[PDB]
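**Q** Here it is, the structure, as structure tokens.
Each answer follows from the model by the rule given with it, or from the source it names; no laboratory read-out is quoted. With ideal geometry, Cβ positions are generated from the backbone for all residues, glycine too; neighbour counts draw on all protein chains shown.
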Protein chains: 2
Amino acid sequence: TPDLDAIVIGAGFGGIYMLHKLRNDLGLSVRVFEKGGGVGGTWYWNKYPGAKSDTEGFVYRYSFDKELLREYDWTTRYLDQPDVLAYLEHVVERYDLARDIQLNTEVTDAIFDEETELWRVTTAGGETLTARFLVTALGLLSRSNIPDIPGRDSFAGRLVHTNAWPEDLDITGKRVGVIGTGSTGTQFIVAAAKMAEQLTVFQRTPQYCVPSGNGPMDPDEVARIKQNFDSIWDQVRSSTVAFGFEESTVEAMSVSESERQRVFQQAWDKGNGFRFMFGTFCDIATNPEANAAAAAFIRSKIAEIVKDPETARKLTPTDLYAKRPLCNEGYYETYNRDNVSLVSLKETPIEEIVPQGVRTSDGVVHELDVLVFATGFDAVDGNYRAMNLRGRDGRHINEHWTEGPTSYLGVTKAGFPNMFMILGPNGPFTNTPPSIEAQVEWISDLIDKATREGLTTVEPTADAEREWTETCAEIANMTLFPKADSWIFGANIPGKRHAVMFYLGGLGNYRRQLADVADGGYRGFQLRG
Amino acid sequence: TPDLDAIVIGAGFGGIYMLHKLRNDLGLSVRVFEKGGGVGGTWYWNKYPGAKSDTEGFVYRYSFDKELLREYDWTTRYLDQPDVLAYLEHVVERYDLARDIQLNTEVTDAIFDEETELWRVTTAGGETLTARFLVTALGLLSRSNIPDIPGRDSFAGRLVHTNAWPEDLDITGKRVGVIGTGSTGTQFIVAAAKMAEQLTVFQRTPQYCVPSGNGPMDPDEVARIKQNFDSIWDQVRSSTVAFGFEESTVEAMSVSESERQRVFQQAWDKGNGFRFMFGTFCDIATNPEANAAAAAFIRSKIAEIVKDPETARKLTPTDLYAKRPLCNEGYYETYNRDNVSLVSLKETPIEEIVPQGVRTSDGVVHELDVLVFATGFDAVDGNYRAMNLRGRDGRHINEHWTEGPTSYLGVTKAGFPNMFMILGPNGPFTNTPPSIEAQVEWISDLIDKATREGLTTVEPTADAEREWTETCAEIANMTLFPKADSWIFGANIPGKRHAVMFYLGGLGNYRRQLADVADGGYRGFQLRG
Ligand SMILES: Cc1cc2nc3c(=O)[nH]c(=O)nc-3n(C[C@H](O)[C@H](O)[C@H](O)COP(=O)(O)OP(=O)(O)OC[C@H]3O[C@@H](n4cnc5c(N)ncnc54)[C@H](O)[C@@H]3O)c2cc1C
Ligand SMILES: Cc1cc2nc3c(=O)[nH]c(=O)nc-3n(C[C@H](O)[C@H](O)[C@H](O)COP(=O)(O)OP(=O)(O)OC[C@H]3O[C@@H](n4cnc5c(N)ncnc54)[C@H](O)[C@@H]3O)c2cc1C
Ligand code: NA
């Protein structure tokens, strides 16, 4: 007889809804552990200026509670970090979840006991409890990447990763430097150029950024949206990427040069990274002719905007448009400002970080009061491998993830009975809240089943999992996504395996795969009583 | 009994070698019908300034006569049109072939009479003759495409297609205009910019041109090449594209950026269109990420050379590097001259041709003395589809080619008994002479076999042909070539079917496939005593 029915790890979007479901709806006893000092997860950690959603606010939220969709307000098209935080803090005070969420508690070890068939969770602070069910909502983009750059630790000013932005730091009138030009880096670069006396951008790989289309929301348009929320969420759940725009059905090279130029320009004026890739034509990520047309359109726009053509040439990427889409309000325009200088790490690689700044290969000491690490995450498996996470035959999860990280259906693991993952390996690549919802609801159903039927263990088969890798491998190889050398296939981090880490079939097909398995008596599961 | 054993149509490289093989080597009665007034096909028609090979002279010749290799000399690395026409004139002289090449004579009707089992062939000149074997060497690029641009024929000065260049025209000190920036257009533009008082180029689609590396040959090097000709042709016949360079075996993205940059720079300084696509890395035409790296290198070379950054942008293409590789001596450089100007039909299309010049959408009248259409050909199936060519059940060859043009082994057609094609549909995409040699010799053997064994019909099965189409389709769709929109898939002429028309497995595999069919008792052929 364990201490709790269930233990959830992480207080991000994932963990929060998982607790609400297991305790309020299933009536079970639950506790959540979160290493951070606050609920909110990603929207707790990333306090950096510019930090905001690249999903539009209207569908970057929960949907399960129709009363909360009516009530809660948003003033801007994209949600700033503080606003996404207040939203989640409100969700916590609403379902009365705060009392069962223990903060400032990292989970160091989680061991499955083959004999008692319970999980024992072990904390940083050297406490343990037991639960029948473990749920790991650790986050795809939770565990900080800070590369071992020669001299890093010598830097005498403030050095921080964006995922540990201090509440207290004010870059106003300081010399700021940033390493990274992904979603985080770019959206910091905008907000930062407005603040810093001078901003140096350390860019190794330029990316195909499009406009966000950000600005205020008419309170009338918010009202109209709330009226038609039932309908918006039905469209979101049937889409692939679930960003709340209608996805194009049209092959990009099935129409004239003029039409292809008009469609891309329309998407450009409207804004959104995911609209540009999927809202324009159906085959930008699958067909290379189509991918070149879209990249070409963005290359041409960078030249129009970026005045100094040198700065244009450095900002212009030449590789496949197959990284996750970026959007910002005025990224390229930012580089027309006289306090912003662009250092291409292709051409002038960082030799060493000194106390005083950053020395590049050309011999220039770039003096900085503040060095920002916009260098992304150990994505997907990060906080799993760094847990002492032990299932059947006393084996660590690492032993299973030799040829890359794996799962059955994105939510369960072979030889890890009663362990569910929110956004585990080989799950959906989408707007994250409705993918979380599909997973948190599917997991709640399976647990509730075990409770009612008195099942001691639920666990997928080695076969099911192997079969699910092959399904994800088939889908991923039909896309241009594997050939983009970014975090999505784990090529971003020295000595990490270039492996498939996502089901790229979309929320529509993913929800259908969950539904089919559940209706089919939980196909590929072993249910012991 | 027929008038002739065999009729050959066309007197280019194709027809000339076929006639040698059938008459000199097999003693048969044979006549050639060339609709042009001289031998040489492509090299008779294309009389324009700058008209030269883009395969290096050393292997843009016949290989069957080891003596003719030792003797005939070449002074330049690439052969000018007069020099290739002089070469085929020497071949015609050498084997006493002129007396069986009837010139100015266009065949309009090719009818298989199933009762007599002979070919009846009608000229425009009003002769009909019967033959046992018909060999159609009509050429992949013999039928001029002259787009119906509004008000074409209203033009006061001299209008010609490049394939219809008249021997009389001197463009020296004249305002010259040209439409098309293909292999023909570009090599014209180079030679023309020297001669014309002013050259206006009407470019719809810029292409990825590399340096030729053309110049004098060291007469020592010509003799050294001759020494090792046995050895060179062996590499040519075992290669894929057969341009006389060692094809690479290195996947482009399996090595550093630094290494990738050296390899492309190496191939640039050495030169050649096909060297840059296949001499650099093994997956430039198959792997989109490799293709990007290749295209990106050329885009940055157009930036270095083209001083006027406006011109450079218009010259810089953005589609896939998946058209037939172009190379020239100093193509991009040519635009640095004062007497040359680029008009992008993407931005300012032709509204109308007028007596004086050419009016673009911007309302500018481009005053011209000479208009040159470098607008290419009805490729592969041009002079077939335009012929009254009926086989079994009286069917026209267009009933066969509704979903695109077809063949068995590139050299025969289902329902067309005793018809053979030199570079028929679904044939090799290679340096042309050694592909013609593979086919002319394979055809001589099968015709020789029919003569000895007293066969009345040789003929592929619908199945065999349908199997070949599937083989050709499986090989193509595994490349970037289909997503090009050039002449190689009939997508150059409005209305014509976007179809496969080439085996892209290379000379090596094509020769192996001919050999395999022959040695296996002509697999998929019906032989009738
Ligand atoms: C600036 C920014 C903007 C984004 N915008 C979007 C967007 O617009 N659309 C979109 O789809 N996605 C977006 N994302 C991705 C984002 O990660 C998800 O939208 C979502 O926040 C993930 O929620 P989660 O609960 O799955 O993970 P997280 O929010 O990362 O929650 C994981 C939590 O678990 C904790 N944890 C991990 N390991 C342990 C352990 N061993 N013990 C205890 N606690 C642990 C972590 O500290 C963290 O608090 C954005 C991310 C960032 C950084
Ligand atoms: C390295 C290389 C360089 C090349 N350079 C060029 C170049 O600079 N310019 C260029 O244009 N091509 C060029 N080509 C393509 C060229 O067409 C081939 O290399 C080759 O010369 C074609 O020979 P052929 O006998 O197959 O066809 P062709 O030489 O075209 O001969 C076909 C002949 O058939 C005749 N014919 C067609 N229909 C009929 C009919 N109904 N009745 C009677 N006669 C008919 C035509 O009039 C023509 O004379 C090049 C190819 C390679 C490999
Ligand atoms: Na969508």
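**Q** Filtering the range A:17-50 down to residues that are assigned to a loop (DSSP other than H, G, I, E, B) and of a type in the set (D, E, K, R), which residue is farthest from ligand 3 (Cβ to nearest atom)?
**A** A:35
**Q** Residue A:30 passes all but one of (1) without any contact (Cβ under 8 Å) to a residue 60 or more places away in the chain; (2) in contact with a strand residue (DSSP E or B) (Cβ under 7 Å, 6 or more places away or on another chain); (3) farther than 30 Å from residue A:196 by Cα; which number fails?
**A** Against the list (1) without any contact (Cβ under 8 Å) to a residue 60 or more places away in the chain; (2) in contact with a strand residue (DSSP E or B) (Cβ under 7 Å, 6 or more places away or on another chain); (3) farther than 30 Å from residue A:196 by Cα, residue A:30 comes up short only on (1).
**Q** Any residue at all in the range B:105-120 that's under 27 Å from the mean Cα position of the chain (by Cα), without any contact (Cβ under 8 Å) to a residue 12 or more places away in the chain, more than 9 Å from ligand 2 (Cβ to nearest atom) and farther than 22 Å from residue B:11 by Cβ?
**A** no
**Q** Looking only at the range B:52-83, count every residue that is part of a loop (DSSP other than H, G, I, E, B) and either closer than 23 Å to residue B:167 by Cα or among the hydrophobic types (A, V, I, L, M, F, W, C) (or both) and tell me the total.
**A** Here is the first cut: in the range B:52-83, the residues part of a loop (DSSP other than H, G, I, E, B) are B:53-56, B:60-65, B:72-75, B:77-79.
Now drop any that are not either closer than 23 Å to residue B:167 by Cα or among the hydrophobic types (A, V, I, L, M, F, W, C) (or both), which leaves B:53-54, B:64, B:74, B:78-79.
Total meeting the criteria: 6.
**Q** Given the conditions (1) among the basic types (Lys, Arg); (2) more than 26 Å from residue B:78 (Cα to Cα); (3) within 14 Å of another protein chain (Cβ to nearest Cβ), which single one is not true for residue B:359?
**A** (3)
Residue-by-condition table, conditions (1) touching a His at 6+ places or on another chain (Cβ under 8 Å); (2) polar (S, T, N, Q):
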| site | (1), (2) |
| --- | --- |
| B:56 | no, no |
| B:76 | no, yes |
| B:80 | no, no |
| B:97 | yes, no |
| B:124 | no, no |
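**Q** Take the residues of the range B:463-486 that are closer than 24 Å to residue B:326 by Cβ and touching a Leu at 6+ places or on another chain (Cβ under 8 Å): which is farthest from the other protein chains (Cβ to nearest Cβ)?
**A** B:475
Conditions (1) under 19 Å from residue A:446 (Cβ atoms); (2) more than 14 Å from ligand 1 (Cβ to nearest atom); (3) among the charged types (D, E, K, R); (4) in contact with a helix residue (DSSP H, G or I) (Cβ under 7 Å, 6 or more places away or on another chain), marked per residue:
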residue: A:1; (1), (2), (3), (4): no, yes, no, no
residue: A:22; (1), (2), (3), (4): yes, yes, no, yes
residue: A:28; (1), (2), (3), (4): yes, yes, no, yes
residue: A:33; (1), (2), (3), (4): no, no, no, no
residue: A:40; (1), (2), (3), (4): no, no, no, yes
residue: A:52; (1), (2), (3), (4): no, no, yes, yes
residue: A:56; (1), (2), (3), (4): no, no, yes, no
residue: A:67; (1), (2), (3), (4): no, yes, yes, no
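**Q** Could you tell me how many of the residues in the range A:236-274 are surrounded by 17 or more Cβ atoms within 10 Å (Cβ to Cβ), within 14 Å of chain B (Cβ to nearest Cβ) and either within 9 Å of ligand 3 (Cβ to nearest atom) or polar (S, T, N, Q) (or both)?
**A** 0
**Q** Are there any pairs with C-beta distances below 7 angstrom linking a residue in the range A:256-281 that is in the same structural domain as residue A:504 (by CATH) to a residue that is within 16 Å of ligand 3 (Cβ to nearest atom) and of a type in the set (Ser, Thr, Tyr), with the two at least 6 apart or on different chains, and if so which?
**A** If the second residue must be within 16 Å of ligand 3 (Cβ to nearest atom) and of a type in the set (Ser, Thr, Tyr), no pairs are left.
**Q** Continuing with the same structure: So, residue B:64, is that one crowded, with 22+ Cβ neighbours inside 10 Å, under 30 Å from residue B:414 (Cβ atoms) and not β-branched (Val, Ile, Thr) or not? I'd like the intermediate steps shown before the answer.
**A** Details: crowded, with 22+ Cβ neighbours inside 10 Å: no; under 30 Å from residue B:414 (Cβ atoms): yes; not β-branched (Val, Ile, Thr): yes.
In short, no.
**Q** Among A:211, A:216, which is within 20 Å of the chain's Cα centre (by Cα) and either within 16 Å of ligand 1 (Cβ to nearest atom) or of a type outside the set (S, T, N, Q) (or both)? Before you say what the answer is, go through the steps one by one.
**A** Values: A:216 fails: within 20 Å of the chain's Cα centre (by Cα).
So the residue among A:211, A:216 that is within 20 Å of the chain's Cα centre (by Cα) and either within 16 Å of ligand 1 (Cβ to nearest atom) or of a type outside the set (S, T, N, Q) (or both) is A:211.
**Q** Within the range A:416-446, take every residue that is part of a loop (DSSP other than H, G, I, E, B) and more than 17 Å from residue A:465 (Cα to Cα) and give me the one that is farthest from ligand 1 (Cβ to nearest atom). Quick ask: steps written out before the conclusion?
**A** Residues of the range A:416-446 that are part of a loop (DSSP other than H, G, I, E, B), as a first pass: A:416-418, A:422-426, A:429-432.
Those left that are additionally more than 17 Å from residue A:465 (Cα to Cα): A:429-432.
Details: A:429: 9, A:430: 7, A:431: 4, A:432: 4 Å.
Out of the qualifying residues, it is A:429.
**Q** Still on this model: Go through the range B:473-509 residue by residue and tally those that are under 16 Å from residue B:182 (Cβ atoms), of a type outside the set (D, E, K, R) and part of a loop (DSSP other than H, G, I, E, B).
**A** So the count comes out to 6.
**Q** Quickly run through the range A:303-322 and pick out the residues that are β-branched (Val, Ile, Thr) and away from chain B (no Cβ under 12 Å). Quick ask: steps written out before the conclusion?
**A** If we filter the range A:303-322 for residues that are β-branched (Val, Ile, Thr), which is where we start, we get A:305-306, A:311, A:316, A:318.
A:305, A:306, A:311 - these are the residues of the range A:303-322 that are β-branched (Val, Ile, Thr) and away from chain B (no Cβ under 12 Å).
**Q** Here's another thing I want to ask about it. Can you find a residue in the range A:266-286 that is more than 30 Å from residue A:314 (Cβ to Cβ), part of a helix (DSSP H, G or I) and in contact with a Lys or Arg (Cβ under 8 Å, 6 or more places away or on another chain)?
**A** no
**Q** Answer with yes or no whether residue A:435 is under 18 Å from residue A:136 (Cβ atoms), of a type in the set (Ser, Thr, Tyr), within 20 Å of the chain's Cα centre (by Cα) and more than 16 Å from ligand 3 (Cβ to nearest atom).
**A** On the way: under 18 Å from residue A:136 (Cβ atoms): yes; of a type in the set (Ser, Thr, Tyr): yes; within 20 Å of the chain's Cα centre (by Cα): yes; more than 16 Å from ligand 3 (Cβ to nearest atom): no.
Taking the combined requirement at face value, the residue does not satisfy it.
**Q** Looking only at the range B:295-321, filter to residues that are closer than 13 Å to residue A:300 by Cβ and among the basic types (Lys, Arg); which one of those is surrounded by the fewest Cβ atoms within 10 Å (Cβ to Cβ)?
**A** The selected residue is B:313.
**Q** Which of the residues spanning the range B:510-529 are assigned to a loop (DSSP other than H, G, I, E, B) and of a type in the set (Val, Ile, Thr)?
**A** Keep residues of the range B:510-529 that are assigned to a loop (DSSP other than H, G, I, E, B), which gives B:520-524, B:529.
Passing the criteria: none in range.
**Q** Is one or more of the residues making up the range B:151-166 surrounded by 17 or more Cβ atoms within 10 Å (Cβ to Cβ), assigned by CATH to the domain that holds residue B:181 and among the aliphatic types (A, V, I, L, M)? Steps first, answer last, please.
**A** Filtering the range B:151-166 for residues surrounded by 17 or more Cβ atoms within 10 Å (Cβ to Cβ) gives B:155, B:159-163, B:165.
From what is left, the residues that are assigned by CATH to the domain that holds residue B:181 are B:155, B:159-163, B:165.
Imposing the further condition that a residue be among the aliphatic types (A, V, I, L, M) reduces the set to B:159-160.
Yes, some residue in the range B:151-166 is surrounded by 17 or more Cβ atoms within 10 Å (Cβ to Cβ), assigned by CATH to the domain that holds residue B:181 and among the aliphatic types (A, V, I, L, M).
**Q** Against the definition (within 23 Å of residue A:507 (Cβ to Cβ), away from every other protein chain (no Cβ under 14 Å), in contact (Cβ under 8 Å) with a residue 60 or more places away in the chain and over 23 Å from the mean Cα position of the chain (by Cα)), how does residue A:229 come out, yes or no?
**A** Working: within 23 Å of residue A:507 (Cβ to Cβ): yes; away from every other protein chain (no Cβ under 14 Å): yes; in contact (Cβ under 8 Å) with a residue 60 or more places away in the chain: yes; over 23 Å from the mean Cα position of the chain (by Cα): yes.
Against the criterion (within 23 Å of residue A:507 (Cβ to Cβ), away from every other protein chain (no Cβ under 14 Å), in contact (Cβ under 8 Å) with a residue 60 or more places away in the chain and over 23 Å from the mean Cα position of the chain (by Cα)), residue A:229 qualifies.
**Q** Additional query: Please count how many residues of the range A:469-503 are under 19 Å from residue A:422 (Cβ atoms) and either surrounded by fewer than 22 Cβ atoms within 10 Å (Cβ to Cβ) or among the hydrophobic types (A, V, I, L, M, F, W, C) (or both). Steps first, answer last, please.
**A** Step one: filter the range A:469-503 for residues under 19 Å from residue A:422 (Cβ atoms), giving A:472, A:487-488, A:501-503.
Keeping just the survivors that are either surrounded by fewer than 22 Cβ atoms within 10 Å (Cβ to Cβ) or among the hydrophobic types (A, V, I, L, M, F, W, C) (or both) gives A:472, A:487-488, A:501-502.
Within the range A:469-503, residues that are under 19 Å from residue A:422 (Cβ atoms) and either surrounded by fewer than 22 Cβ atoms within 10 Å (Cβ to Cβ) or among the hydrophobic types (A, V, I, L, M, F, W, C) (or both) number 5.
**Q** Could you tell me how many of the residues in the range B:37-55 are farther than 17 Å from residue B:102 by Cβ and free of Cβ contacts under 8 Å to residues at least 60 places away in the same chain?
**A** 2
**Q** For residue A:132, indicate whether it is farther than 28 Å from residue A:340 by Cβ, away from ligand 1 (no atom under 16 Å from the Cβ) and either within 14 Å of chain B (Cβ to nearest Cβ) or surrounded by 13 or more Cβ atoms within 10 Å (Cβ to Cβ) (or both). Give the steps one after another, and end with the answer.
**A** Numbers: farther than 28 Å from residue A:340 by Cβ: yes; away from ligand 1 (no atom under 16 Å from the Cβ): yes; either within 14 Å of chain B (Cβ to nearest Cβ) or surrounded by 13 or more Cβ atoms within 10 Å (Cβ to Cβ) (or both): yes.
The answer is yes for residue A:132.
**Q** For residue B:52, work out the one condition from (1) in contact with a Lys or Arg (Cβ under 9 Å, 6 or more places away or on another chain); (2) of a type in the set (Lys, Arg); (3) within 11 Å of ligand 2 (Cβ to nearest atom) it doesn't fulfil.
**A** Of (1) in contact with a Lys or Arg (Cβ under 9 Å, 6 or more places away or on another chain); (2) of a type in the set (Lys, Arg); (3) within 11 Å of ligand 2 (Cβ to nearest atom), only one is false for residue B:52: (1).
**Q** Something else: I'm checking my understanding of the structure. Among residues of the range B:282-293 that are touching a residue at least 60 places away in the same chain (Cβ under 8 Å) and more than 10 Å from chain A (Cβ to nearest Cβ), which one is nearest to the chain's Cα centre (by Cα)? Please lay out each step first, then the result.
**A** The first filter runs over the range B:282-293 and keeps only residues touching a residue at least 60 places away in the same chain (Cβ under 8 Å), leaving B:285-286, B:288, B:291.
Filter again for more than 10 Å from chain A (Cβ to nearest Cβ), leaving B:285-286.
On the way: B:285: 19, B:286: 22 Å.
Once the filter is applied, the top-ranked residue is B:285.
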